[PDB]
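Protein chains in written order, with the deposited numbering: chain T, 21 to 266; chain Q, 21 to 266; chain S, 135 to 149. Where a beta carbon is used, it is the ideal one built from N, C-alpha and C, also for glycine.
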Amino acid sequence: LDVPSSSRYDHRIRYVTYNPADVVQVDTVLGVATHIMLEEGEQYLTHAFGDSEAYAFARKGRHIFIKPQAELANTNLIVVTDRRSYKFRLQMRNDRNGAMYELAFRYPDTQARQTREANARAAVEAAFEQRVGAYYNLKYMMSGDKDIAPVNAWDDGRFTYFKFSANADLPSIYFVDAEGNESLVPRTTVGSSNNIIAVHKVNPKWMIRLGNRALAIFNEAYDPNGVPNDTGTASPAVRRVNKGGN
Amino acid sequence: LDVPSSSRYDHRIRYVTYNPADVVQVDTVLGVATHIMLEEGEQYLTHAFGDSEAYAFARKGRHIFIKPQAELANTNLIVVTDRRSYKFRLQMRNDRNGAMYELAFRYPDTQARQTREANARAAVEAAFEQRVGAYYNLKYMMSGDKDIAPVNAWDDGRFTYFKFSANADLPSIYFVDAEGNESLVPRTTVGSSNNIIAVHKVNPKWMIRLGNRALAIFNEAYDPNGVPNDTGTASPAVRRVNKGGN
Amino acid sequence: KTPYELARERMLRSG
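Here's what the structure looks like:
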């Protein structure tokens, strides 16, 4: 018998916290329709009254509308869903006072889940933005058509960044291997004014092409060892964990 | 007569541990619906009442609802399913006290089967990870295009591991036989940062290719015998056993 | 047929 507690504004609206091993007090007065609301996305499977004539039942998804229709309507409603089963003991009140207009359920486990996700998301964003413990390489040299040149190039050990001025078109940047073969490398455009192209690799030689002009960028302090990617993300302060399980 | 054992929160919720050589004493009161829950995945076969008219029966999947529809409705319920057959002694309660809102079953054998398997899986993972008493071979040489070379290479007598630095593209590794022909060998990519390629064979010579570059790896301590695989797994402490029988 | 009696009969009959 989980007798619930009322709201702070109207005693007609009364909240109860679900418990799989206890039943719920509902006091129904004559002429009022009580609303029992399910958790969002929950699918109604089967319901069962004690006296199916005593109470009137209407359902629209997760909104269940109930109503008395006979004297001494003291029965129970057991509505079962895919997730849980609800347990009521409907006792009619004689003097038409202390009605309930809707019942609300509080789910400790769902709240504990969804509150964790928001905090974790805020922490993750803070961790990405913190961006500490980084070493920068600035020993980059270029030779070729200096009219497509970046104003600055550097790498942080994981990505390589090319910074372009505001009046310069953004060119294509290619991956040059040992034999001089160019090949595609994925790039993301970062920066406030989209002036930086971040390629997702550290390499000793790069090739910059725009139209019919070519520029060669050389990494003059190439570190073959690099720094390992133990976390699965672009930063060492955010782990990528396996959610799908399975 | 197994009497349903009442919970701690409410008397209306009573739990019973299944016993094939015993029955269920269900004390039903007038004007309620008793919700009997089967095990998940249990396929209802057939039921049989003492009186088809004394109690009202409606079933949905593994959900059972019954409801008395007559006075002195003392009959029996024998519902039989693919897994077992339940036994109830429906004894009407005359004063309408001490109701039984839902009957929940506990299966001892199923819980034992599920806990034995979980303990076995825990032991299996512990034995896989413990990796005790293995012998490592580090006499590996290389000659060729050193820019695609691993930073380390060894084997434990069953697999060969090539460790690559964080900035190096992971190349393709080919099995080389006596005449110099190459053939595919299966590989698994292991390591915290996915820096290790583990090939599933110990061989004297290997071939590493990436684009138009090639490197040859030479095992200078090839053991023609090795260690036999008596267990069926990659570990000497985890046996692979035949489940399917047949 | 007191209200208790009618309540009991409705209780029994109802599905």
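With residue 146 of chain S as the anchor, note down where its beta strand (DSSP E) starts and where it stops.
The residue given as residue 146 of chain S occupies position 12 in the third sequence. Per DSSP, residue 146 of chain S belongs to no beta strand (DSSP E); it is in the alpha helix (DSSP H), 137-147.
Using only the alpha-carbon positions, how far apart do residue 139 of chain T and residue 128 of chain T sit?
Locating residue 139 of chain T in the first sequence gives position 119, where the first residue counts as 1. Locating residue 128 of chain T in the first sequence gives position 108, where the first residue counts as 1. Rounded to the nearest angstrom, the two C-alpha atoms are 17 Å apart.
Check whether the stretch 35-43 of chain Q and the stretch 233-246 of chain Q are in contact - that is, three or more C-beta pairs closer than 8 Å.
no
In terms of residue numbering, what span does the beta strand (DSSP E) encompassing residue 241 of chain Q cover?
Within the second sequence, numbered from 1, the residue matching residue 241 of chain Q stands at position 221. Residue 241 of chain Q -> no beta strand (DSSP E), and no H or E assigned at all.
Can you tell me where the beta strand (DSSP E) with residue 172 of chain T in it begins and where it stops?
Within the first sequence, the letter at position 152 stands for residue 172 of chain T. That run of the beta strand (DSSP E) goes 172-175.
Sequence ranges, beta strand (DSSP E) only - wholly within the stretch 67-117 of chain T, length at least 3
Taken in chain order, the complete beta strand (DSSP E) segments of 3 residues or longer contained in the stretch 67-117 of chain T are 75-80, 83-88, 97-101 and 108-112.
In chain S, which residues lie with their C-beta within 8 Å of the C-beta of residue 91 of chain T?
Here residue 91 of chain T refers to the residue found at position 71 when the first sequence is read from its first residue. By Cβ distance, chain S contributes 137, 140 and 141.
From residue 125 of chain T to residue 31 of chain T, what distance separates their C-alpha atoms?
Locating residue 125 of chain T in the first sequence gives position 105, counting from the first residue. Locating residue 31 of chain T in the first sequence gives position 11, counting from the first residue. Taking the straight line joining both Cα atoms gives about 16 Å.
Of all Cβ atoms in chain S, is any one closer than 8 Å to the Cβ of residue 138 of chain Q?
On the second sequence, position 118 is the one that residue 138 of chain Q refers to. For residue 138 of chain Q, no Cβ of chain S is located within less than 8 Å of the residue's own Cβ.
Using the C-alpha atoms, what's the distance from residue 166 of chain Q back to residue 255 of chain Q?
As a position in the second sequence, residue 255 of chain Q is number 235, starting the count at 1. As a position in the second sequence, residue 166 of chain Q is number 146, starting the count at 1. Spanning the alpha carbons of residue 255 of chain Q and residue 166 of chain Q requires a straight line of approximately 33 Å.
Starting from the C-beta of residue 259 of chain T, find all residues in its chain whose C-beta is less than 6 Å away, skip the five residues before and the five after it, and write them out in chain order.
If you number the first sequence from 1, residue 259 of chain T lands on position 239. Excluding sequence neighbours, residue 259 of chain T sits near 251.
On the three-pair Cβ rule with 8 Å, is the stretch 147-160 of chain Q touching the stretch 197-206 of chain Q?
no
Sub-8 Å separation of residue 98 of chain Q and residue 68 of chain Q beta-carbons:
Along the second sequence, one-based indexing puts residue 98 of chain Q at 78. Along the second sequence, one-based indexing puts residue 68 of chain Q at 48. In contact: residue 98 of chain Q and residue 68 of chain Q (Cβ atoms closer than 8 Å).
Can you say whether residue 154 of chain S is buried or exposed, counting buried as having 16 or more other CB atoms within 10 angstroms of its CB?
Nothing in the structure corresponds to residue 154 of chain S, since chain S is present only between 135 and 149.
Amino acids of chain S, ordered along the chain, whose beta-carbon sits closer than 8 Å to that of residue 53 of chain Q
The count along the second sequence starts at 1 and reaches residue 53 of chain Q at position 33. Residues of chain S passing the Cβ test: none, with the nearest at roughly 10 Å.
Determine, using beta carbons only, whether residue 50 of chain Q comes closer than 8 Å to chain S.
The count along the second sequence starts at 1 and reaches residue 50 of chain Q at position 30. For residue 50 of chain Q, the answer is yes, since a Cβ of chain S falls inside 8 Å of its Cβ.
From residue 144 of chain S to residue 51 of chain Q, what does the alpha carbon distance come to, in whole angstroms?
In the third sequence, counting from the first residue as 1, residue 144 of chain S sits at position 10. In the second sequence, counting from the first residue as 1, residue 51 of chain Q sits at position 31. Approximately 9 Å between the Cα atoms of the pair.
Residue-chain proximity (residue 76 of chain Q, chain S), Cβ-Cβ < 8 Å
Sequence index remark: in the second sequence, residue 76 of chain Q carries index 56 (1-based). Residue 76 of chain Q counts as touching chain S.
Cβ atoms of residue 229 of chain Q and residue 194 of chain Q: under 8 Å apart, would you say?
The sequence position of residue 194 of chain Q within the second sequence is 174, counting from 1. The sequence position of residue 229 of chain Q within the second sequence is 209, counting from 1. The answer is yes: Cβ separation under 8 Å.
For residue 163 of chain Q, the residue or residues it bridges with in DSSP
Stepping through the second sequence from its first residue, residue 163 of chain Q is reached at position 143. Paired residues: Q/236.
If you run the structure through DSSP and keep just helix, strand and coil, what is residue 195 of chain T?
Within the first sequence, residue 195 of chain T is the residue found at index 175, counting from 1. Three-state result, residue 195 of chain T: strand.
What whole-angstrom Cβ distance do residue 171 of chain Q and residue 179 of chain Q have, given they're in contact under 8 Å?
Here residue 171 of chain Q is taken as the residue at index 151 of the second sequence, counted from 1. Here residue 179 of chain Q is taken as the residue at index 159 of the second sequence, counted from 1. No, residue 171 of chain Q and residue 179 of chain Q are not in contact; Cβ-Cβ is about 18 Å, not under 8 Å.
With DSSP as the reference, identify every bridge partner of residue 45 of chain T, one or two as the case may be.
As a position in the first sequence, residue 45 of chain T is number 25, starting the count at 1. Beta-bridge pairing links residue 45 of chain T to T/109.
Touching by the beta-carbon criterion (3+ pairs, under 8 Å), the stretch 77-95 of chain Q and the stretch 44-64 of chain Q
yes
Contacting residues, own chain, Cβ-Cβ under 7 Å from residue 191 of chain T (five flanking each side not counted)
Counting from 1 along the first sequence, the entry for residue 191 of chain T is found at position 171. Taken in chain order, the residues that qualify are 168, 228, 229 and 230.
Euclidean distance between Cα positions of residue 145 of chain Q and residue 136 of chain T
In the second sequence, residue 145 of chain Q corresponds to position 125, counting from 1. In the first sequence, residue 136 of chain T corresponds to position 116, counting from 1. The alpha-carbon atoms of residue 145 of chain Q and residue 136 of chain T are separated by roughly 29 Å.
Taking Cβ-Cβ distances shorter than 7 Å, what residues in chain B pair up with residue 246 of chain T?
No chain B is part of this structure, whose protein chains are labelled T, Q and S.
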